[PDB]
Amino acid sequence: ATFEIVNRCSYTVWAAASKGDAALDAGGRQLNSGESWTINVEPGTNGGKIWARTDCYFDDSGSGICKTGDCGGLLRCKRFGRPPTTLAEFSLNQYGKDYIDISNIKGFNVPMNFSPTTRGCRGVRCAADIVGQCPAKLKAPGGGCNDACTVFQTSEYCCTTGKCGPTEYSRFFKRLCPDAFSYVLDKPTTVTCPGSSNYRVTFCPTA
């Protein structure tokens, strides 16, 4: 499948693409404002994620740091990024269907559109100003809005027992982004696409 990753942000982001134990394609890249990065994702990719990273420094070997979504200091991600990270999440060719979603379960750093570029289902969007509205106790100093599980490390926020409810913090992300996951047992906002759909992830789809 092709993912076009477009930075519509006025600031540089470092796109990341990972299934948690491996890079997707090159796994990461600098996107200046307006730049597009086309990646190929293997059919059958299960638990694929795309995210933006903000305020990166990389040396000549692609080693360094980001204030948001840093994945063990690499330009080319093999691992998931450090929260806060708005997540484009995908499982491709699962019994003839694609599953896409946006998640705020690892917090929010960069507004995001995740849309098919092929026909047969709808995109999802989390483009509200979650960083600007972020509750004082979830504010990441580096930039972005932590989820309550990253900050407080409780069974309730992490949903560690497989049982828990919405929270004051999960409802803040849900109120600003109804179409994103807000907590682990949130009513699914997963969209079903045709198997082998293609996608665009847009950072700052409106701003």
# chains A, B, ... in the order shown; residues from 1 in each chain; ligands from 1
call {"tool": "residues_around", "arguments": {"residues": "residue 27 of chain A", "least_positions_apart": "3", "cutoff": "6 Å", "atoms": "only C-alpha atoms", "output": "PDB file with N, CA and C atoms, in the first residue's frame"}}
result
ATOM      1  N   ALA A  16       7.460   9.623  11.051  1.00  0.00           N
ATOM      2  CA  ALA A  16       7.886   8.300  11.527  1.00  0.00           C
ATOM      3  C   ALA A  16       6.856   7.267  11.079  1.00  0.00           C
ATOM      4  N   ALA A  17       7.336   6.085  10.693  1.00  0.00           N
ATOM      5  CA  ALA A  17       6.473   4.967  10.265  1.00  0.00           C
ATOM      6  C   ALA A  17       7.078   3.664  10.771  1.00  0.00           C
ATOM      7  N   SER A  18       6.328   2.954  11.614  1.00  0.00           N
ATOM      8  CA  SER A  18       6.825   1.794  12.398  1.00  0.00           C
ATOM      9  C   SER A  18       5.677   0.805  12.661  1.00  0.00           C
ATOM     10  N   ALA A  23      10.969  -0.671  11.264  1.00  0.00           N
ATOM     11  CA  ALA A  23      10.636   0.480  10.389  1.00  0.00           C
ATOM     12  C   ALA A  23       9.535   0.059   9.407  1.00  0.00           C
ATOM     13  N   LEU A  24       8.638   0.973   9.038  1.00  0.00           N
ATOM     14  CA  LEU A  24       7.881   0.895   7.758  1.00  0.00           C
ATOM     15  C   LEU A  24       8.581   1.777   6.705  1.00  0.00           C
ATOM     16  N   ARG A  76      15.469   7.280  11.477  1.00  0.00           N
ATOM     17  CA  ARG A  76      14.672   6.152  10.899  1.00  0.00           C
ATOM     18  C   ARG A  76      14.077   5.258  11.999  1.00  0.00           C
ATOM     19  N   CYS A  77      12.808   5.461  12.384  1.00  0.00           N
ATOM     20  CA  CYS A  77      12.164   4.713  13.493  1.00  0.00           C
ATOM     21  C   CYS A  77      12.094   3.223  13.211  1.00  0.00           C
TER      22      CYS A  77
END
call {"tool": "residues_around", "arguments": {"residues": "segment 37-53 of chain A", "least_positions_apart": "4", "cutoff": "7 Å", "atoms": "only C-alpha atoms", "output": "tab-separated table (two decimals) with N, CA, C and O atoms, in the first residue's frame"}}
result
chain	number	residue	atom	x	y	z
A	1	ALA	N	0.87	-1.21	0.00
A	1	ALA	CA	0.00	0.00	0.00
A	1	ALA	C	0.89	1.24	0.00
A	1	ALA	O	2.01	1.18	0.58
A	2	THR	N	0.44	2.32	-0.64
A	2	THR	CA	1.14	3.61	-0.57
A	2	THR	C	0.47	4.47	0.52
A	2	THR	O	-0.81	4.58	0.54
A	3	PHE	N	1.30	5.03	1.41
A	3	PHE	CA	0.99	6.19	2.26
A	3	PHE	C	1.70	7.46	1.73
A	3	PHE	O	2.96	7.55	1.79
A	4	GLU	N	0.94	8.45	1.25
A	4	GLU	CA	1.51	9.82	1.12
A	4	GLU	C	1.46	10.51	2.50
A	4	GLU	O	0.34	10.73	3.03
A	5	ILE	N	2.61	10.89	3.05
A	5	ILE	CA	2.68	11.66	4.32
A	5	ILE	C	2.99	13.13	3.94
A	5	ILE	O	4.12	13.44	3.46
A	6	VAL	N	2.00	14.01	4.09
A	6	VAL	CA	2.15	15.46	3.76
A	6	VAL	C	2.28	16.28	5.06
A	6	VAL	O	1.40	16.13	5.95
A	13	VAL	N	8.26	18.90	10.55
A	13	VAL	CA	8.05	17.68	11.39
A	13	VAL	C	9.00	16.60	10.88
A	13	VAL	O	9.45	16.71	9.70
A	14	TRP	N	9.28	15.60	11.72
A	14	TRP	CA	10.04	14.41	11.28
A	14	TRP	C	9.07	13.23	11.27
A	14	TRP	O	8.78	12.68	12.37
A	15	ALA	N	8.47	12.93	10.09
A	15	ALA	CA	7.52	11.79	9.97
A	15	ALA	C	8.23	10.51	10.43
A	15	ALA	O	9.48	10.41	10.34
A	16	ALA	N	7.46	9.62	11.05
A	16	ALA	CA	7.89	8.30	11.53
A	16	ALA	C	6.86	7.27	11.08
A	16	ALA	O	5.60	7.56	11.16
A	17	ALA	N	7.34	6.09	10.69
A	17	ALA	CA	6.47	4.97	10.26
A	17	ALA	C	7.08	3.66	10.77
A	17	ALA	O	8.28	3.39	10.43
A	18	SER	N	6.33	2.95	11.61
A	18	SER	CA	6.83	1.79	12.40
A	18	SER	C	5.68	0.81	12.66
A	18	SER	O	4.50	1.28	12.80
A	19	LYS	N	5.97	-0.50	12.75
A	19	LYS	CA	4.97	-1.47	13.29
A	19	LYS	C	5.43	-1.98	14.68
A	19	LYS	O	4.84	-2.97	15.17
A	24	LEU	N	8.64	0.97	9.04
A	24	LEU	CA	7.88	0.89	7.76
A	24	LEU	C	8.58	1.78	6.70
A	24	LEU	O	8.77	3.01	6.92
A	25	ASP	N	9.04	1.15	5.62
A	25	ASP	CA	9.80	1.79	4.52
A	25	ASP	C	11.12	2.27	5.14
A	25	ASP	O	11.65	1.52	5.93
A	66	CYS	N	14.21	14.09	19.63
A	66	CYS	CA	12.99	14.91	19.42
A	66	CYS	C	12.33	15.25	20.76
A	66	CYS	O	12.40	14.42	21.73
A	68	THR	N	8.97	15.55	20.85
A	68	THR	CA	7.79	14.63	20.81
A	68	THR	C	8.04	13.47	19.84
A	68	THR	O	8.77	13.64	18.85
A	69	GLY	N	7.44	12.32	20.12
A	69	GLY	CA	7.53	11.06	19.34
A	69	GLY	C	8.93	10.53	19.08
A	69	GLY	O	9.08	9.71	18.15
A	70	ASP	N	9.94	10.87	19.88
A	70	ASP	CA	11.32	10.33	19.73
A	70	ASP	C	11.29	8.80	19.82
A	70	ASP	O	10.70	8.24	20.80
A	85	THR	N	2.14	11.72	21.19
A	85	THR	CA	2.09	11.44	19.73
A	85	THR	C	0.64	11.21	19.28
A	85	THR	O	0.08	10.13	19.65
A	86	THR	N	0.05	12.13	18.49
A	86	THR	CA	-1.14	11.78	17.67
A	86	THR	C	-0.78	10.56	16.78
A	86	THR	O	0.37	10.54	16.21
A	87	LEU	N	-1.56	9.47	16.80
A	87	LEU	CA	-1.18	8.24	16.03
A	87	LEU	C	-2.12	8.05	14.82
A	87	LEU	O	-3.34	7.93	15.06
A	88	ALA	N	-1.58	7.99	13.58
A	88	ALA	CA	-2.30	7.27	12.49
A	88	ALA	C	-2.05	5.75	12.64
A	88	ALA	O	-0.88	5.33	12.59
A	89	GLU	N	-3.10	4.95	12.85
A	89	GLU	CA	-2.96	3.50	13.17
A	89	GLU	C	-3.64	2.68	12.06
A	89	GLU	O	-4.81	3.07	11.57
A	90	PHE	N	-2.96	1.61	11.63
A	90	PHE	CA	-3.49	0.78	10.52
A	90	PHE	C	-3.10	-0.69	10.68
A	90	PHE	O	-1.94	-1.05	11.05
A	91	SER	N	-4.07	-1.54	10.36
A	91	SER	CA	-3.88	-2.98	10.04
A	91	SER	C	-4.41	-3.29	8.62
A	91	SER	O	-5.64	-3.01	8.33
A	92	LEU	N	-3.53	-3.77	7.72
A	92	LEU	CA	-3.85	-3.86	6.27
A	92	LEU	C	-4.10	-5.33	5.88
A	92	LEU	O	-3.35	-6.21	6.38
A	93	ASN	N	-5.10	-5.59	5.02
A	93	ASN	CA	-5.36	-6.95	4.47
A	93	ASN	C	-5.64	-7.92	5.63
A	93	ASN	O	-5.03	-9.00	5.70
A	94	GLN	N	-6.48	-7.50	6.58
A	94	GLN	CA	-6.96	-8.34	7.71
A	94	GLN	C	-8.30	-8.93	7.25
A	94	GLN	O	-9.33	-8.16	7.25
A	110	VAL	N	0.66	16.81	17.27
A	110	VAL	CA	0.43	17.43	15.94
A	110	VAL	C	-0.96	17.04	15.40
A	110	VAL	O	-1.28	15.86	15.26
A	196	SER	N	-6.06	-3.43	0.67
A	196	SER	CA	-5.13	-2.76	-0.30
A	196	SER	C	-5.62	-1.36	-0.74
A	196	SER	O	-5.32	-0.96	-1.87
call {"tool": "select_by_dssp", "arguments": {"residues": "segment 70-188 of chain A", "states": "strand (DSSP E)", "output": "number ranges by chain"}}
result
A: 87-94, 97-103, 112-116, 124-126, 180-181
call {"tool": "write_last_selection", "arguments": {"atoms": "N, CA, C and O atoms", "output": "mmCIF file, in the first residue's frame"}}
result
data_model
loop_
_atom_site.group_PDB
_atom_site.id
_atom_site.type_symbol
_atom_site.label_atom_id
_atom_site.label_comp_id
_atom_site.auth_asym_id
_atom_site.auth_seq_id
_atom_site.Cartn_x
_atom_site.Cartn_y
_atom_site.Cartn_z
ATOM 1 N N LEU A 87 -1.560 9.472 16.801
ATOM 2 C CA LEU A 87 -1.183 8.244 16.029
ATOM 3 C C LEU A 87 -2.116 8.051 14.822
ATOM 4 O O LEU A 87 -3.342 7.931 15.060
ATOM 5 N N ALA A 88 -1.584 7.994 13.576
ATOM 6 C CA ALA A 88 -2.304 7.270 12.491
ATOM 7 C C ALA A 88 -2.053 5.755 12.643
ATOM 8 O O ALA A 88 -0.875 5.334 12.586
ATOM 9 N N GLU A 89 -3.102 4.954 12.846
ATOM 10 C CA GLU A 89 -2.956 3.500 13.168
ATOM 11 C C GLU A 89 -3.637 2.684 12.059
ATOM 12 O O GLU A 89 -4.810 3.070 11.575
ATOM 13 N N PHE A 90 -2.963 1.609 11.632
ATOM 14 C CA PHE A 90 -3.491 0.785 10.518
ATOM 15 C C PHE A 90 -3.095 -0.694 10.679
ATOM 16 O O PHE A 90 -1.936 -1.052 11.049
ATOM 17 N N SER A 91 -4.066 -1.541 10.357
ATOM 18 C CA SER A 91 -3.877 -2.978 10.042
ATOM 19 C C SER A 91 -4.414 -3.286 8.616
ATOM 20 O O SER A 91 -5.644 -3.012 8.331
ATOM 21 N N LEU A 92 -3.529 -3.765 7.721
ATOM 22 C CA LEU A 92 -3.851 -3.863 6.267
ATOM 23 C C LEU A 92 -4.098 -5.331 5.882
ATOM 24 O O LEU A 92 -3.348 -6.207 6.379
ATOM 25 N N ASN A 93 -5.098 -5.587 5.016
ATOM 26 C CA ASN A 93 -5.364 -6.949 4.468
ATOM 27 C C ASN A 93 -5.640 -7.923 5.635
ATOM 28 O O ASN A 93 -5.028 -9.005 5.703
ATOM 29 N N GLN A 94 -6.477 -7.501 6.583
ATOM 30 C CA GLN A 94 -6.959 -8.341 7.711
ATOM 31 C C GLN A 94 -8.298 -8.932 7.254
ATOM 32 O O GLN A 94 -9.325 -8.161 7.248
ATOM 33 N N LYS A 97 -9.928 -6.808 4.610
ATOM 34 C CA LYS A 97 -10.227 -5.400 4.989
ATOM 35 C C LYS A 97 -8.969 -4.674 5.507
ATOM 36 O O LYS A 97 -8.051 -5.313 6.154
ATOM 37 N N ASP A 98 -8.919 -3.366 5.272
ATOM 38 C CA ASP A 98 -8.013 -2.442 6.012
ATOM 39 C C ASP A 98 -8.776 -1.878 7.240
ATOM 40 O O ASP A 98 -10.033 -1.665 7.174
ATOM 41 N N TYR A 99 -8.084 -1.724 8.361
ATOM 42 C CA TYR A 99 -8.589 -0.967 9.545
ATOM 43 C C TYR A 99 -7.681 0.256 9.755
ATOM 44 O O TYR A 99 -6.447 0.079 9.906
ATOM 45 N N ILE A 100 -8.241 1.467 9.682
ATOM 46 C CA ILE A 100 -7.497 2.713 10.032
ATOM 47 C C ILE A 100 -8.157 3.419 11.229
ATOM 48 O O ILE A 100 -9.399 3.295 11.437
ATOM 49 N N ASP A 101 -7.364 4.140 12.008
ATOM 50 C CA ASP A 101 -7.949 5.028 13.045
ATOM 51 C C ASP A 101 -6.959 6.166 13.327
ATOM 52 O O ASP A 101 -5.730 6.036 12.945
ATOM 53 N N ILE A 102 -7.442 7.252 13.932
ATOM 54 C CA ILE A 102 -6.533 8.109 14.745
ATOM 55 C C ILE A 102 -6.691 7.772 16.235
ATOM 56 O O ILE A 102 -7.854 7.442 16.691
ATOM 57 N N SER A 103 -5.577 7.760 16.977
ATOM 58 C CA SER A 103 -5.619 7.568 18.445
ATOM 59 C C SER A 103 -4.981 8.749 19.191
ATOM 60 O O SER A 103 -3.895 9.247 18.748
ATOM 61 N N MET A 112 -3.857 16.016 12.773
ATOM 62 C CA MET A 112 -3.666 14.952 11.747
ATOM 63 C C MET A 112 -4.989 14.655 11.031
ATOM 64 O O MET A 112 -6.046 14.452 11.721
ATOM 65 N N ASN A 113 -4.913 14.550 9.697
ATOM 66 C CA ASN A 113 -5.904 13.820 8.871
ATOM 67 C C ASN A 113 -5.305 12.478 8.404
ATOM 68 O O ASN A 113 -4.106 12.426 7.991
ATOM 69 N N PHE A 114 -6.057 11.385 8.585
ATOM 70 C CA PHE A 114 -5.743 10.045 8.022
ATOM 71 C C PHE A 114 -6.885 9.608 7.081
ATOM 72 O O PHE A 114 -7.929 9.187 7.598
ATOM 73 N N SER A 115 -6.710 9.770 5.758
ATOM 74 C CA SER A 115 -7.729 9.509 4.705
ATOM 75 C C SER A 115 -7.262 8.456 3.689
ATOM 76 O O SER A 115 -6.098 8.444 3.288
ATOM 77 N N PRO A 116 -8.162 7.595 3.158
ATOM 78 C CA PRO A 116 -7.847 6.820 1.959
ATOM 79 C C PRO A 116 -7.716 7.786 0.766
ATOM 80 O O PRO A 116 -8.388 8.798 0.740
ATOM 81 N N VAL A 124 -10.490 9.838 8.803
ATOM 82 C CA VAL A 124 -10.706 10.328 10.189
ATOM 83 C C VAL A 124 -9.777 11.527 10.380
ATOM 84 O O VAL A 124 -8.770 11.633 9.640
ATOM 85 N N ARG A 125 -10.102 12.377 11.343
ATOM 86 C CA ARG A 125 -9.388 13.642 11.586
ATOM 87 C C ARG A 125 -9.399 13.949 13.088
ATOM 88 O O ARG A 125 -10.475 13.824 13.757
ATOM 89 N N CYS A 126 -8.235 14.339 13.586
ATOM 90 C CA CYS A 126 -8.052 14.955 14.906
ATOM 91 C C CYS A 126 -7.251 16.256 14.717
ATOM 92 O O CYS A 126 -5.992 16.214 14.760
ATOM 93 N N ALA A 180 -11.274 10.269 17.242
ATOM 94 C CA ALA A 180 -10.044 9.549 17.686
ATOM 95 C C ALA A 180 -10.281 8.697 18.963
ATOM 96 O O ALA A 180 -11.142 9.086 19.832
ATOM 97 N N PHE A 181 -9.550 7.591 19.152
ATOM 98 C CA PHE A 181 -9.519 6.873 20.472
ATOM 99 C C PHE A 181 -9.017 7.812 21.584
ATOM 100 O O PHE A 181 -7.945 8.436 21.423
#
call {"tool": "closest_residue", "arguments": {"among": "A:190, A:62, A:21, A:139", "to": "residue 81 of chain A", "atoms": "only C-alpha atoms"}}
result
A:21
call {"tool": "select_by_dssp", "arguments": {"residues": "segment 11-204 of chain A", "states": "alpha helix (DSSP H)", "output": "NGL selection string"}}
result
:A and (148-152 or 155-158 or 168-176)
call {"tool": "closest_residue", "arguments": {"among": "A:22, A:177, A:193, A:201", "to": "residue 121 of chain A", "atoms": "only C-alpha atoms"}}
result
A:193
call {"tool": "closest_residue", "arguments": {"among": "A:206, A:192, A:198, A:61", "to": "residue 95 of chain A", "atoms": "only C-alpha atoms"}}
result
A:192
call {"tool": "residues_around", "arguments": {"residues": "residue 117 of chain A", "least_positions_apart": "5", "cutoff": "8 Å", "atoms": "only C-alpha atoms", "output": "VMD selection string"}}
result
chain A and resid 197 to 200
call {"tool": "write_last_selection", "arguments": {"atoms": "C-alpha atoms", "output": "JSON list (two decimals), in the first residue's frame"}}
result
[["chain", "number", "residue", "atom", "x", "y", "z"],
["A", 197, "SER", "CA", -6.55, 0.81, -0.02],
["A", 198, "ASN", "CA", -3.96, 3.65, -0.33],
["A", 199, "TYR", "CA", -3.74, 6.52, 2.22],
["A", 200, "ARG", "CA", -2.67, 10.11, 2.88]]
call {"tool": "residues_around", "arguments": {"residues": "residue 182 of chain A", "least_positions_apart": "2", "cutoff": "9 Å", "atoms": "only C-alpha atoms", "output": "list in words"}}
result
residues 103, 104, 105, 106, 107, 147, 166, 169, 170, 171, 172, 173, 174, 177, 178, 180, 184, 185 and 186 of chain A
call {"tool": "write_last_selection", "arguments": {"atoms": "N, CA, C and O atoms", "output": "PDB file, in the first residue's frame"}}
result
ATOM      1  N   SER A 103      -5.577   7.760  16.977  1.00  0.00           N
ATOM      2  CA  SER A 103      -5.619   7.568  18.445  1.00  0.00           C
ATOM      3  C   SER A 103      -4.981   8.749  19.191  1.00  0.00           C
ATOM      4  O   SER A 103      -3.895   9.247  18.748  1.00  0.00           O
ATOM      5  N   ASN A 104      -5.621   9.161  20.299  1.00  0.00           N
ATOM      6  CA  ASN A 104      -5.034  10.049  21.338  1.00  0.00           C
ATOM      7  C   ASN A 104      -4.663   9.245  22.596  1.00  0.00           C
ATOM      8  O   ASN A 104      -4.348   9.888  23.665  1.00  0.00           O
ATOM      9  N   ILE A 105      -4.617   7.913  22.496  1.00  0.00           N
ATOM     10  CA  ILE A 105      -4.306   7.040  23.668  1.00  0.00           C
ATOM     11  C   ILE A 105      -2.863   7.290  24.120  1.00  0.00           C
ATOM     12  O   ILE A 105      -2.589   7.160  25.369  1.00  0.00           O
ATOM     13  N   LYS A 106      -1.967   7.651  23.192  1.00  0.00           N
ATOM     14  CA  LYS A 106      -0.577   8.087  23.542  1.00  0.00           C
ATOM     15  C   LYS A 106      -0.446   9.613  23.536  1.00  0.00           C
ATOM     16  O   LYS A 106       0.701  10.112  23.305  1.00  0.00           O
ATOM     17  N   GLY A 107      -1.531  10.332  23.856  1.00  0.00           N
ATOM     18  CA  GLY A 107      -1.564  11.791  23.790  1.00  0.00           C
ATOM     19  C   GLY A 107      -1.590  12.365  22.378  1.00  0.00           C
ATOM     20  O   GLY A 107      -1.814  11.616  21.379  1.00  0.00           O
ATOM     21  N   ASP A 147      -1.464  11.894  27.204  1.00  0.00           N
ATOM     22  CA  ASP A 147      -2.589  11.110  27.808  1.00  0.00           C
ATOM     23  C   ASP A 147      -2.341  10.905  29.324  1.00  0.00           C
ATOM     24  O   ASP A 147      -1.111  10.919  29.773  1.00  0.00           O
ATOM     25  N   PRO A 166     -14.128   5.759  30.857  1.00  0.00           N
ATOM     26  CA  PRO A 166     -13.704   7.100  30.473  1.00  0.00           C
ATOM     27  C   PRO A 166     -13.328   7.835  31.765  1.00  0.00           C
ATOM     28  O   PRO A 166     -13.763   7.429  32.851  1.00  0.00           O
ATOM     29  N   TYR A 169      -9.757  13.119  31.949  1.00  0.00           N
ATOM     30  CA  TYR A 169      -8.663  13.332  30.964  1.00  0.00           C
ATOM     31  C   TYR A 169      -9.016  12.746  29.586  1.00  0.00           C
ATOM     32  O   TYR A 169      -8.852  13.457  28.580  1.00  0.00           O
ATOM     33  N   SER A 170      -9.499  11.501  29.523  1.00  0.00           N
ATOM     34  CA  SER A 170      -9.955  10.849  28.272  1.00  0.00           C
ATOM     35  C   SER A 170     -11.083  11.670  27.632  1.00  0.00           C
ATOM     36  O   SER A 170     -10.995  11.883  26.366  1.00  0.00           O
ATOM     37  N   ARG A 171     -12.022  12.206  28.434  1.00  0.00           N
ATOM     38  CA  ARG A 171     -13.168  13.035  27.940  1.00  0.00           C
ATOM     39  C   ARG A 171     -12.680  14.382  27.374  1.00  0.00           C
ATOM     40  O   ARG A 171     -13.377  14.923  26.475  1.00  0.00           O
ATOM     41  N   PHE A 172     -11.615  14.971  27.912  1.00  0.00           N
ATOM     42  CA  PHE A 172     -10.986  16.147  27.269  1.00  0.00           C
ATOM     43  C   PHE A 172     -10.537  15.815  25.824  1.00  0.00           C
ATOM     44  O   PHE A 172     -10.900  16.587  24.880  1.00  0.00           O
ATOM     45  N   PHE A 173      -9.781  14.728  25.594  1.00  0.00           N
ATOM     46  CA  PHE A 173      -9.357  14.343  24.214  1.00  0.00           C
ATOM     47  C   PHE A 173     -10.592  14.012  23.356  1.00  0.00           C
ATOM     48  O   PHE A 173     -10.599  14.417  22.210  1.00  0.00           O
ATOM     49  N   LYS A 174     -11.570  13.265  23.877  1.00  0.00           N
ATOM     50  CA  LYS A 174     -12.812  12.851  23.163  1.00  0.00           C
ATOM     51  C   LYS A 174     -13.670  14.076  22.771  1.00  0.00           C
ATOM     52  O   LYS A 174     -14.157  14.115  21.610  1.00  0.00           O
ATOM     53  N   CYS A 177     -11.733  15.749  20.017  1.00  0.00           N
ATOM     54  CA  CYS A 177     -11.634  14.794  18.863  1.00  0.00           C
ATOM     55  C   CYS A 177     -12.496  13.549  19.024  1.00  0.00           C
ATOM     56  O   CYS A 177     -11.997  12.484  19.402  1.00  0.00           O
ATOM     57  N   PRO A 178     -13.810  13.644  18.711  1.00  0.00           N
ATOM     58  CA  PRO A 178     -14.726  12.507  18.842  1.00  0.00           C
ATOM     59  C   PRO A 178     -14.300  11.346  17.945  1.00  0.00           C
ATOM     60  O   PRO A 178     -14.569  10.221  18.304  1.00  0.00           O
ATOM     61  N   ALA A 180     -11.274  10.269  17.242  1.00  0.00           N
ATOM     62  CA  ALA A 180     -10.044   9.549  17.686  1.00  0.00           C
ATOM     63  C   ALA A 180     -10.281   8.697  18.963  1.00  0.00           C
ATOM     64  O   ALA A 180     -11.142   9.086  19.832  1.00  0.00           O
ATOM     65  N   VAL A 184      -8.160   3.260  26.143  1.00  0.00           N
ATOM     66  CA  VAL A 184      -8.006   1.881  25.583  1.00  0.00           C
ATOM     67  C   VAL A 184      -9.382   1.288  25.268  1.00  0.00           C
ATOM     68  O   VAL A 184      -9.526   0.761  24.146  1.00  0.00           O
ATOM     69  N   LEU A 185     -10.376   1.364  26.169  1.00  0.00           N
ATOM     70  CA  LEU A 185     -11.725   0.783  25.877  1.00  0.00           C
ATOM     71  C   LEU A 185     -12.712   1.833  25.348  1.00  0.00           C
ATOM     72  O   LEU A 185     -13.947   1.575  25.467  1.00  0.00           O
ATOM     73  N   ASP A 186     -12.238   2.922  24.714  1.00  0.00           N
ATOM     74  CA  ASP A 186     -13.138   3.866  23.997  1.00  0.00           C
ATOM     75  C   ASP A 186     -13.968   3.077  22.980  1.00  0.00           C
ATOM     76  O   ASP A 186     -13.408   2.105  22.404  1.00  0.00           O
TER      77      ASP A 186
END
call {"tool": "residues_around", "arguments": {"residues": "residue 33 of chain A", "least_positions_apart": "6", "cutoff": "8 Å", "atoms": "only C-alpha atoms", "output": "count of residues only"}}
result
7
